[PDB]
Ligand SMILES: CC[C@@H]1CCCC[C@@]1(O)C(=O)C(=O)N1CCCC[C@H]1C(=O)O[C@H](CCc1ccc(OC)c(OC)c1)c1cccc(OCC(=O)O)c1
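Residue numbers (PDB author numbering): 13 to 140.
Okay, structure coming up:
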């Protein structure tokens with residue numbers, strides 16, 4: 013499924029090149045430039061465990077998810093992944109636990125040492 017496709021075909025977008033965050037662009041965005049640090053970003057997302065078990069989707073509640081990029085307001089994989097996106101883009105990310113919830117997890121939905129899959133749509137962003 014989608015997570016395996018990211019394992020096989022995803023680009024390693026980590027600074028360390030440790031495959032901790034792997035990315036596939038599923039829909040090219042028409043925005044010209046990536047957001048800057050501190051920019052307010054607006055996204056929709058789906059989150060699943062790497063085995064395909066869904067844990068959340070912003071669409072369930074018709075609520076864009078909003079945060080300031082590159083400030084540690086979200087798990088590391090998201091600061092890394094969203095920094096690579098263009099407005100209008102949809103990507104798939106596969107995120108090793110080091111770049112997500114680590115050994116603690118986020119119980120009940122996310123176990124210890126979980127690799128996470130996300131689909132992320134960058135709806136918009138605005139300058140810091
Ligand atoms: C277990 C699933 C998780 C449960 C809390 C709500 C979000 C959640 O359902 C989820 O899908 C998730 O895993 N998210 C939400 C979408 C962005 C990616 C990811 C996330 O980063 O959630 C954080 C969780 C708190 C957090 C912040 C920073 C961290 O490291 C720098 C971190 O490391 C483990 C953990 C999040 C971020 C912002 C808002 C969140 O909830 C709403 C709120 O607090 O207003 C939740």
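From the three backbone atoms N, C-alpha and C, an ideal C-beta is built for every residue, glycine too.
Distance between residue 36 and residue 73, taken at the CA atoms: about 25 Å. DSSP places residue 27 outside both helix and strand once states are collapsed to three, so it counts as coil.
Per DSSP, the continuous beta strand (DSSP E) segment holding residue 60 begins and ends at 52-61. Here DSSP, grouped into helix, strand and coil, assigns residue 83 to coil. The beta carbon of residue 101 sits closer than 6 Å to those of 41, 134, all from its chain and outside the five residues before and after it, given in chain order.
Taking 7 Å as the cut-off, the Cβ atoms of residue 52 and residue 138 count as close. Beta-bridge partners of residue 131 (DSSP): 58, 104.
Residue pairing of residue 72 in beta bridges, as defined by DSSP: absent, with no partner found.
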